[PDB]
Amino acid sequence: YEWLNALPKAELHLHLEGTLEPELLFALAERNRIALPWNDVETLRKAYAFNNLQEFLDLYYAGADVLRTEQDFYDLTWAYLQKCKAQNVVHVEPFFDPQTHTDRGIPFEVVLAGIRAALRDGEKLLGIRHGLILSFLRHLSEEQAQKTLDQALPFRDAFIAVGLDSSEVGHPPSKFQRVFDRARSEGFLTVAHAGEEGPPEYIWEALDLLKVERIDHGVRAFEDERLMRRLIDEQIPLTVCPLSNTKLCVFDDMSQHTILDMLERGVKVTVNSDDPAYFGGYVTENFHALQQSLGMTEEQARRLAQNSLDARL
């Protein structure tokens, strides 16, 4: 572990809202004077049992209530930048979900201020380079996304890419092709969750329609050889999330996980923690689960760590 923790890494698939620890959640609630459904930290922590993506999501959004002030968004981001320091993540390209917050009345500018501040502290004090990614909520309309992109236009230099998360199945990338088109046009790079719960088809759609620069998750590509051959050939990065997939039941066990398999095949896979407060591990704890349940070698360790550097935007 300490050896794994010492490796230099990049984290390219990480949702800031999913770094919200039960302890922080209770504290922000107290500061904001909010009566929580949950009786204590322990009761909330026990609630992190999932049978799929949605059950997690419903919870994950409920937690966003305590996020209300610039200082809230600072605290959340800075706490994660500190974990990055502990685990020697020297670089971050994190997600946030503007709509989760703006739809609750919080001004877009407040959300951004607190995160940006934290990120500045991250680089000047911690030596952590960052590339903020703005994610669209895919269960919601393209209209709503467009409205969000309009909010982001004045801020466009704060974001290296637009992303796409939330309930994957039944909301294909094609749903958002116009806004993504428009985003690239306004000079955004792009990325997307594809093939977490949804079919490989969604991953071709991400590559070709949404013109992503990397596939987030992407594990279900394993069912599609033609796709595999493309991944391997184009060296398109995949931001894979071990704990997330186990917690969400994408795999029934860590021993069933295919990330090493892909790696030995030449796929440019990376190790990321995704929603660390909900999956019980930051990036180092992900590498470690690989070692424990799949006898990952120090060899493959260094290799996955290096891909995360290579795949930076």
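A residue's number is simply how far along the shown sequence it sits, counting from 1.
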Checklist entry - Taking the recorded C-alpha temperature factors, which stretch has the higher mean, 102 to 110 or 234 to 242? => result 234 to 242
Checklist outcome for this item: Entry B factor averaged over C-alpha atoms, 225 to 233 against 137 to 145: higher for 225 to 233
Item to check | Options 260, 27, 277, 36 - largest CA temperature factor per the record | outcome: 260
Checklist entry - How does residue 182 rank on Cα B-factor within its chain, lowest, middle or highest third? => result lowest
Checklist entry - In terms of the CA temperature factor given in the entry, to which third of its chain does residue 294 belong: lowest, middle or highest? => result highest
Checklist entry - Once the chain's modelled residues are ordered by C-alpha B factor and cut into thirds, is residue 64 in the lowest, middle or highest one? => result middle
Item to check | Position of residue 272 among the chain's modelled residues by C-alpha B-factor, lowest, middle or highest third | outcome: lowest
Checklist entry - Against its chain's modelled residues, does residue 122's Cα B factor rank lowest, middle or highest third? => result lowest
